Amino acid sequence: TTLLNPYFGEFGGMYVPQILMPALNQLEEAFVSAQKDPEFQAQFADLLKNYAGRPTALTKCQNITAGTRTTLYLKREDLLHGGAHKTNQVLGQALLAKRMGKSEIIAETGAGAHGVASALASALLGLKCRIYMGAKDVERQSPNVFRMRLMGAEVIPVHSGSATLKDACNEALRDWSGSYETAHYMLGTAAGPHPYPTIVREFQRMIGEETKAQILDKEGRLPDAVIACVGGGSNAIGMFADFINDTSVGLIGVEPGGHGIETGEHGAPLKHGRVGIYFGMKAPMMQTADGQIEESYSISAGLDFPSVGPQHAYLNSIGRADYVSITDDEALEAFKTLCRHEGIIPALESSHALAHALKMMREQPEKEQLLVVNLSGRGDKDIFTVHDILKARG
């Protein structure tokens, strides 16, 4: 029994061991309660405004579109405290943990942006925070690790399986089974068992709401399309949500193509995987013929995940949203182009979205189109990675 629908068509659900069902039911009731509570909404707004710095800018990118009929705006989630959109929903979930009388936070991270966001929120709001991270991920993300520990978080490397984000995801659920009377599991994307895909969307929807107000102010109309990268689905659903009922507005999600879809080294399960049951949800998976979960790949750690949130699977199925892929090389070109022509260093995750917008423009340069790219994060974390590739190819 649930208060809200756990499914988006055939996708989603609550595929957890029986012992975790009371934790999910408790979280759903606390969320439904909080969404009707003006004091909760006021505290959330206060943190978003005065701590995280919302609203974020909407930047018009004139140099990059010169000589085409594309007008391109960037939604500047890169300017949020912490340097990524992950901050928005961590603040809401940390307030839910406090509403439920919880004193402890568990979080997974791959790249380290959600782990940094969980540690900063926990420091601010007086919660004791532990962060599960691929030992492989810990060894590649010592910056973001050190930041989490500076902010008083415990970072637990994972030796289990491929020792990565899915195992980090695996580790976090493992822990919560026992601790849920005291600890809240701060899932970092719009995926996993109900009610997480719903909560994360509602705690990210200010991205699209602000974008709609800002583009009406600046252009006097809705965009032709909004474009976002898809790792698990949170920044994309945050941008998409307030436009779903505006049927003229295109919703484009960009999965990582890695070395190329044909290589099998990618992270594009929505268009190139097949439906399975894992991480608490029925959703598109990269999986073997035998049903073992495959390892994904992307140059961008934040997109390197072999599944996707169920609301994206649903929006795709009914044709409301379209999903495409962008390779490592395309993402790197978009990264370099934005740095050189707009003075903005984007996250390699966000560079996937930009690369697809640049393709839309360059393929059809006399097509009139008003596009918004969600710039989900800043790319300071990626300069060592980009340096290391540029040295290798020249």
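Numbers follow the displayed sequence, beginning with 1.
The PDB entry reports B-factors from which the mean C-alpha value can be compared for 136-144 and 301-309; the larger average falls on 136-144. Once the C-alpha B-factors are averaged per stretch, 176-184 and 271-279 rank with 176-184 first. By the numbers in the PDB entry, the CA B factor is greatest at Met151 among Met151, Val200, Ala117, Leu74. Residues shown: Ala236, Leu165, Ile215, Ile244. Highest C-alpha temperature factor in the entry: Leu165. Per-chain ranking of the deposited C-alpha B factor places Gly67 in the highest third.
In the PDB entry, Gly257 places in the lowest third of its chain by CA B-factor. When the modelled residues of the chain are ordered by C-alpha B-factor, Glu295 sits in the highest third. Compared with the other modelled residues of the chain, the Cα B-factor recorded for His266 ranks in the middle third. In the deposited entry, the Cα temperature factor of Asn88 places it in the lowest third of its chain's modelled residues.
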